[PDB]
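Visitor: need a structure here:
(one chain, ligands or ions: 11)
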Amino acid sequence: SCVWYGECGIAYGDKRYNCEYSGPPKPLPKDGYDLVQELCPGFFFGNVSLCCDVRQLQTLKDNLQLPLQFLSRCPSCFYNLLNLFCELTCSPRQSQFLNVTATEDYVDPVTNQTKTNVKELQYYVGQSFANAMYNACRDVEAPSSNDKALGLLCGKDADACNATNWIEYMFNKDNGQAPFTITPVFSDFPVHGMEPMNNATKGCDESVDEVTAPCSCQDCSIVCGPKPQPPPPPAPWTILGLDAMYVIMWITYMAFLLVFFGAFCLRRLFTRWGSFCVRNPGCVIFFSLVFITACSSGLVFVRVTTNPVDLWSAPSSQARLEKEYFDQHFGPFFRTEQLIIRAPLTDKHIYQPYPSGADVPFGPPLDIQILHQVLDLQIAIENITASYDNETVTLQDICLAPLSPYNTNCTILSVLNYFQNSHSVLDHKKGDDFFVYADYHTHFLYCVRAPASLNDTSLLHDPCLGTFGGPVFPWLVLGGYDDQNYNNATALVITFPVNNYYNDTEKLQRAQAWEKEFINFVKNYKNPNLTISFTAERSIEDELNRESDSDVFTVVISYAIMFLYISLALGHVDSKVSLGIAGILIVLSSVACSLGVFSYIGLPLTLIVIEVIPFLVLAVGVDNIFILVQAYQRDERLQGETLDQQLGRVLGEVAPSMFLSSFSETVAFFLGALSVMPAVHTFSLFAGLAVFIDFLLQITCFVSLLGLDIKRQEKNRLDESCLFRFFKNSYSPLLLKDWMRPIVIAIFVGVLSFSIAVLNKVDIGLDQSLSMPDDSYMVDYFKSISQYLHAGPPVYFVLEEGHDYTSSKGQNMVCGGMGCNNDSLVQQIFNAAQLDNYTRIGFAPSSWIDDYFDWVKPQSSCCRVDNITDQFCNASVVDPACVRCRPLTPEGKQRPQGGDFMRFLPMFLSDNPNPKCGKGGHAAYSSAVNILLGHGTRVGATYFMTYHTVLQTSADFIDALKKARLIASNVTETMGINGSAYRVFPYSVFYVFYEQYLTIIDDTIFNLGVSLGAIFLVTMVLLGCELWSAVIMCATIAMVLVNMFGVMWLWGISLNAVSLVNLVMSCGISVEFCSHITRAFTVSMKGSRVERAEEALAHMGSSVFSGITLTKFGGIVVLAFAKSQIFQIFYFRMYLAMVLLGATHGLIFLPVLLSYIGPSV
Ligand SMILES: CC[C@H](C)n1ncn(-c2ccc(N3CCN(c4ccc(OC[C@H]5CO[C@](Cn6cncn6)(c6ccc(Cl)cc6Cl)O5)cc4)CC3)c(Br)c2)c1=O
Ligand SMILES: *[C@@H]1O[C@H](CO)[C@@H](O[C@@H]2O[C@H](CO)[C@@H](O)[C@H](O[C@H]3O[C@H](CO)[C@@H](O)[C@H](O)[C@@H]3O)[C@H]2NC(C)=O)[C@H](O)[C@H]1NC(C)=O
Ligand SMILES: *[C@@H]1O[C@H](CO)[C@@H](O[C@@H]2O[C@H](CO)[C@@H](O)[C@H](O)[C@H]2NC(C)=O)[C@H](O)[C@H]1NC(C)=O
Ligand SMILES: *[C@@H]1O[C@H](CO)[C@@H](O)[C@H](O)[C@H]1NC(C)=O
Ligand SMILES: *[C@@H]1O[C@H](CO)[C@@H](O)[C@H](O)[C@H]1NC(C)=O
Ligand SMILES: *[C@@H]1O[C@H](CO)[C@@H](O)[C@H](O)[C@H]1NC(C)=O
Ligand SMILES: *[C@@H]1O[C@H](CO)[C@@H](O)[C@H](O)[C@H]1NC(C)=O
Ligand SMILES: *[C@@H]1O[C@H](CO)[C@@H](O)[C@H](O)[C@H]1NC(C)=O
Ligand SMILES: *[C@@H]1O[C@H](CO)[C@@H](O)[C@H](O)[C@H]1NC(C)=O
Ligand SMILES: *[C@@H]1O[C@H](CO)[C@@H](O)[C@H](O)[C@H]1NC(C)=O
Ligand SMILES: *[C@@H]1O[C@H](CO)[C@@H](O)[C@H](O)[C@H]1NC(C)=O
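Guide: Residues are numbered from 1 along each chain as shown. Ligands and ions are numbered 1, 2, ... in the order given. Below, you will see the structure:
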């Protein structure tokens, strides 16, 4: 039996009384079921006769509105007090825990029948129920603050208000919700024929249903595990120099015993060529120019060069295989247009809130006297137009709108997009001139805790959601905050996203035409308030083509010195001048011809090779000239033979040595063109063919016109073993004495023992910020970005077509929370989020599959399907005769299983954010999931957008890649797929530019090793016999490039593809200093090997040393007027540490080994 019923007259305003009626319960109306099912679901079962009507519940839901405004966070905490009020409104047990003390009469103006108001009663309640409620609801965090939600509802300090006094305060009429006081009796036992309410409860740790998730420990920190820390650092410093400083000690012992050991076919085939070349040098010169000019006229047909940024991965590589999934499926990745704002002039600020005292410091840049000027600049940038094809272009035609056909507010991720980018909304001062209750400070403080919630709970009714319909995040907007709270902000971030659409080409430069005006405006700007830095994602590329056009003058003068040196260095007033200039025209045309061939073939000429190859072909091609003509000058003419037979003899002498040096490295490059890195793949083709066609040109063109020079010097008019043989005959023998031969082997094995030591500390990855001019705005940006932001580039985890999404497991593989499996996708993203320094992934996954379930949840009151045609009624329409989507049934409260799931899905995808509902799907998930029509319906690819931490250096990017791929493959195998039909590969903007660095250490051990293996093989073909003649070459070519790895560390040079092409250069140029001494050693008619080497030194070695000084003096001219930094950091020190380290181990070290293990016939 119940105590009262109905609604008696007014106490004051809207607050009414109840009417006394101590009889049987009343069968509820049919239309009242929709309220009682939502409010008191623990009563609607079996018989429906309770002691309430619809009007009590109608006013009662209005009475407890503010508890729903505060206690919407944890549903279980609200559920406990909801159980209390249900029992107070219409329990059938009201005769058991209620005793009415005061009763008043009442007169009705309408019906005139004398009724009875309910004045005052006693509520017998369980004490343990209050304790359970308090223990479950003590730690509920209030919105826009770090205090308790009870504090606003206790009417006092939150820490001192107990369960008991708070329930008294809730029952009190002073607060302004309850009509009159309800006197409680806090007991746990039957006292004098009463049965107090001890109805069952559930604490905030425990859920009431499956769909109701356990209240996450931001508001109930009773039972959640601590922030875990499984970074185990592995152990370095094991093999430092234990096998370096104690391996050379055996060298200083084996080489020390020698200190104590004292105690006792082709000439016939080149002479015959050289004969014909000298007999008729009229036609053979004509057959050179025609063949060149024919093969060097195809360049003008193509001459194409590739300068996008993505030229650093092969189009069949895995990176671009992943990237080219985004042309058909869900479009491109959007560019950014970042613009960082900060103010050093403005000082700190302190805010003091009104009702409670919890002062909060605001940083410099977010004060109103700055924010007006920030908004001025903000609105000024959207008033920027450019011209394409002589038509105007504005921002709205290029920037994306996440929901486009409804409205076309362009997207801006400014902080002022919390304030909807307006002036009048800023200064909503609520209150009198004396004090202010609510301002932009508290609104800003509320709008950072929940960026999706439209209607703010403050005095204001300002939407927090962005102007473009999408939630502006606190991640992408603020900078230099102390990692949790955003009130200490010191840098504003402005972002203008814009489309790409790769399959189109006519509307990309359309956008770049705007972006140049964007830069042109932001550069030409003056402001004493604040300092700015900016970045367009075209401007990462523009600075390369700006900076690269600043070292044309430095280097043409570098080649001029090499052009002048060839004149001076031939002879001993009748020196060889003209043929030096002719010899330049050979190599300068040879390299042009080699580019002209492959131009017609169709391979694009990169910016790497264009300056690297004219060093190579010159530095190799001229060393043919310096050896040949000096070998001619060191020969004397015989008694009975003319110049023809002389040149044939000396050609047959020298040329078979030279043929090896040409044909070895040439073939070494074309058998080192099998790597797939497209900077080194495109180099070796040119590097091989240029020197190939060069060597085929000196044998044709150069030697034929030497006779003309001898004819010219026979006439003794213009257009003797004296120069170095005096020097080398004095310099040579002191090396090969017993006095110095242990020293120069001990030092130059010591440097190998030094170079083998620090190979562990070989530096990997190019630094991004060491490729810019120092005076640029970009270097200022790369200083800023590493200093302020906490959320770098986004990453997408794309799951391909093939997965179910209908059956339970279909959900459970991608499911997240609400009583679900702990090995799912978004769960594993969420587990890796806290371990940001371990695995470089910043923050929450923010998926659609969980939000969709909240949208299709029966208590949403969001979606309404039409009664007759199944058309989607809008959430903000009057709703006259269209019905709920999911029938409000306990079996129906679960997530959908059949095709109704995918039947309801497109209506979610076509929903704008309405105030009565949540955000919907079409705001931020319109491009998220692909729909496919056929076999009913089907769903395509899904991606879960999350953000990486701030990344600054080369180590960070590759560290992010490895662990992103680890996470993907970890969940792939755990997900339990049949075959390799679909993966969960990650994607970002930069996973093409840093895939090659993942496998740089593998392919170089292939590439240089195979090139080195080519030097082993072809010399066996060229030298015929003598294995030990080729092994000693292979050893010295190995030992020079390990010292090249040594000098990488010694200066601090990275191991990028830009350095790898100039590293494989060493394999091609070091053989030049090795063959011309080895052939000279293997054929020499002396018995004893000691004096045999001096022949090889004095006859060939001097002319080799004469051919290093041009590149030696071509080095000094680079640094003497060095302008750029990228050219100075790789392409200076590599050449210097290649010439001065190759020539050292070539013509000083090697003869000493030839005096030790010198073979003979
Ligand atoms: C976040 C990732 C981000 C996207 N990212 N990461 C790495 N990179 C990147 C991309 C490309 C590059 N490159 C690599 C090669 N760079 C380079 C550096 C020096 C370098 O020598 C300077 C050369 C040359 O020609 C000239 C001038 N010229 C004249 N006509 C055409 N050009 C030149 C000079 C002498 C002679 Cl005889 C002939 C020439 Cl053609 O000056 C030539 C090229 C040029 C720049 C770099 Br470094 C980094 C990025 O963009
Ligand atoms: C970063 O933001 C936090 C937000 O809490 C700042 O902490 C607050 O610092 C200011 C200055 O002290 C105050 O608002 C407040 O400190 C006050 O707390 C005591 C409590 O009894 C009070 O008596 C004093 O008036 C004192 O000023 C801090 N707030 C809290 C909740 O602790 C923090 O200082 C900011 N960081 C920096 C570097 O400024
Ligand atoms: C985004 O679009 C909404 C409308 O869908 C804009 O709201 C109104 O815009 C008009 C100007 O078109 C202005 O009077 C106000 O800004 C809004 N009206 C009212 C009554 O307040 C909104 O301005 C758009 N956002 C931006 C940044 O332009
Ligand atoms: C900026 O807006 C003002 C007012 O609408 C207008 O006079 C001016 O022409 C605009 N600027 C440009 C570059 O179009
Ligand atoms: C360019 O556009 C302007 C105005 O839109 C017009 O007057 C002019 O004739 C155009 N010029 C050309 C070459 O199309
Ligand atoms: C926000 O909620 C309050 C609660 O009373 C209401 O007055 C106001 O109209 C709501 N705002 C909007 C924009 O509907
Ligand atoms: C910012 O500069 C403007 C220039 O008109 C000036 O009016 C304003 O006082 C400056 N701000 C501050 C905080 O001094
Ligand atoms: C997931 O939960 C089950 C049941 O509690 C447990 O056996 C399993 O170890 C959990 N998974 C992981 C990865 O710990
Ligand atoms: C992890 O990195 C963050 C940078 O966002 C830093 O604040 C924090 O100190 C790091 N964690 C540890 C344990 O050092
Ligand atoms: C809601 O639906 C009605 C149906 O006529 C439509 O007029 C209105 O534009 C819709 N609102 C939104 C925000 O899509
Ligand atoms: C919905 O349709 C059914 C049958 O088509 C009908 O009985 C019912 O009255 C309709 N509901 C409304 C609100 O018109």
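Visitor: Whatever helix or strand residue 131 lives in - contacts with which helices or strands?
Guide: Residue 131 is part of helix 127-137 when elements are defined by DSSP states H and E. Under the contact criterion of 3 or more C-beta pairs under 8 Å, 6 or more residues apart in numbering; DSSP states H and E, helix 127-137 touches helix 75-90, helix 163-171, strand 183-187. (Each C-beta comes from the backbone N, C-alpha and C, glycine too.)
Visitor: switch the cut-off to 6 Å
Guide: helix 75-90 (3 or more C-beta pairs under 6 Å, 6 or more residues apart in numbering; DSSP states H and E).
Visitor: May I see the buried residues of stretch 16-36?
Guide: 16, 17, 18, 19, 20, 21, 25, 26, 28, 32, 35, 36 (16 or more other C-beta atoms under 10 Å).
Visitor: right, and the pair among the residues you listed with maximum separation?
Guide: 20 and 35 (23.6 Å; C-beta to C-beta).
Visitor: Just the residues contacting stretch 351-364, thanks.
Guide: By C-beta atoms under 6 Å, 6 or more residues apart in numbering, the residues outside stretch 351-364 that reach it are 343, 346, 349, 350, 437, 441, 487, 488, 489, 490.
Visitor: coming back round to it: just the buried residues of stretch 16-36 that are near ligand 10?
Guide: For ligand 10, no contacts are drawn from the buried residues of stretch 16-36 by C-beta under 6 Å from any ligand atom.
Visitor: Most neighbours among the contacts of stretch 351-364, which one is it?
Guide: Tallying neighbours with other C-beta atoms under 10 Å puts residue 489 at the head of the contacts of stretch 351-364, with 25 neighbours.
Visitor: Double-check that one against residue 480; I have them as touching.
Guide: No - taking contacts as C-beta atoms under 6 Å, residue 489 lies outside contact range of residue 480: 7.0 Å.
Visitor: Around ligand 3, pick out the residues from the chain.
Guide: 407, 409, 421, 422, 467.
Visitor: Which of these are buried? Put it as a ChimeraX command.
Guide: To isolate the buried ones among the residues of the chain next to ligand 3 in ChimeraX, judged by 16+ other C-beta under 10 Å, type:
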select :409,421,467
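Visitor: Which helix in the protein has the most residues?
Guide: Ranked by number of residues, the top helix in the chain under DSSP state H is helix 643-670.
Visitor: elements contacting it?
Guide: helix 267-279, helix 609-633, helix 681-697, helix 1000-1023, helix 1072-1082.
Visitor: between that helix and helix 1072-1082, how many degrees?
Guide: Helix 643-670 runs at 130 degrees relative to helix 1072-1082, counting by axes from the mean of the first three to the mean of the last three C-alpha atoms, to 10 degrees.
Visitor: from the chain's centre, how far out does helix 643-670 sit?
Guide: Chain-centre distance of helix 643-670: 52 Å, with C-alpha atoms, centre = their mean, to the nearest Å.
Visitor: Return the set of buried residues in that helix.
Guide: Under 16+ other C-beta under 10 Å, the buried positions of helix 643-670 are 645-669.
Visitor: tell me the angle it makes with helix 681-697.
Guide: Using the same axes, to 10 degrees: helix 643-670 against helix 681-697 is 170 degrees.
Visitor: need the helices for the stretch 251-400 of the chain, in chain order.
Guide: Under the criterion DSSP state H, counting those that start in this stretch, the stretch 251-400 of the chain contains helices at 257-260, 267-279, 283-295, 299-302, 318-323, 368-382.
Visitor: Could you save these as JSON lines and add columns showing mean neighbour count?
Guide: Converted to JSON lines, these look like this (neighbours: other C-beta atoms under 10 Å):
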{"stretch": "helix 257-260", "mean neighbour count": "10"}
{"stretch": "helix 267-279", "mean neighbour count": "17"}
{"stretch": "helix 283-295", "mean neighbour count": "14"}
{"stretch": "helix 299-302", "mean neighbour count": "14"}
{"stretch": "helix 318-323", "mean neighbour count": "17"}
{"stretch": "helix 368-382", "mean neighbour count": "16"}
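Visitor: For the stretch 701-850 of the chain, give the residue positioned nearest to ligand 6.
Guide: Using C-beta to the nearest ligand atom, the closest approach of the stretch 701-850 of the chain to ligand 6 is made by residue 846 at 25.1 Å.
Visitor: measure the spatially closest residue to that residue that is not a sequence neighbour to residue 409 for me?
Guide: Counting by C-beta to C-beta, 6 or more residues apart in numbering, the nearest residue to residue 846 once its immediate chain neighbours are dropped is residue 945, at 6.5 Å. When distance is defined by C-beta to C-beta, to the nearest Å, residue 945 is 21 Å away from residue 409.
Visitor: can you check residue 1079 too?
Guide: Residue 1079 is 77 Å from residue 409, by C-beta to C-beta.
Visitor: same deal with residue 423?
Guide: 17 Å.
Visitor: same check, this time on residue 794
Guide: With C-beta to C-beta as the criterion, residue 794 and residue 409 are 22 Å apart.
Visitor: Quick test: name the residue nearest the centre of this protein.
Guide: residue 990 (4.5 Å; C-alpha atoms, centre = their mean).
Visitor: So which bits of this protein are right by ligand 2?
Guide: Checking the chain against ligand 2 by C-beta under 6 Å from any ligand atom, the hits are 359, 360, 361, 482, 485, 487, 488.
Visitor: tell me the SS of residue 883?
Guide: At residue 883, secondary structure determined by DSSP: H, G, I helix; E, B strand; the rest coil is strand.
Visitor: dump the residue contacts of it.
Guide: By C-beta under 6 Å, 6+ apart, the neighbours of residue 883 are residue 867.
Visitor: What parts of the protein come near ligand 6?
Guide: Counting by C-beta under 6 Å from any ligand atom, the chain sits next to ligand 6 at 455, 461, 915.
Visitor: I'd guessed the last one sits against residue 454; true?
Guide: Yes - the criterion here is C-beta under 6 Å, and residue 915 meets it with residue 454 at 5.4 Å.
Visitor: So between the two, which is more surrounded?
Guide: residue 454 (17 against 11).
Visitor: which residue packs closest to that one, ignoring adjacent ones?
Guide: residue 463 is the one closest to residue 454 (C-beta to C-beta, 6+ apart), at 4.7 Å.
Visitor: Same list, the residues of the chain next to ligand 6, but as TSV with secondary structure and distance to residue 292 please.
Guide: Shown next, in TSV, are these (DSSP: H, G, I helix; E, B strand; the rest coil; distance: C-beta to C-beta, whole Å):
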residue	secondary structure	distance to residue 292
455	strand	79
461	coil	82
915	coil	78
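Visitor: wait, which of these is closest to residue 333?
Guide: residue 915 (32.3 Å).
Visitor: And the closest one, how close does it get to ligand 10?
Guide: Applying C-beta to the nearest ligand atom, to the nearest Å, the value for residue 915 to ligand 10 is 9 Å.
Visitor: can you check residue 448 too?
Guide: Remark: distance between residue 448 and ligand 10 (C-beta to the nearest ligand atom) = 25 Å.
Visitor: That residue falls within a strand, correct?
Guide: No - in this structure, residue 448 is coil, not part of a strand, as judged by three-state DSSP.
Visitor: How many residues are close by it?
Guide: 21.
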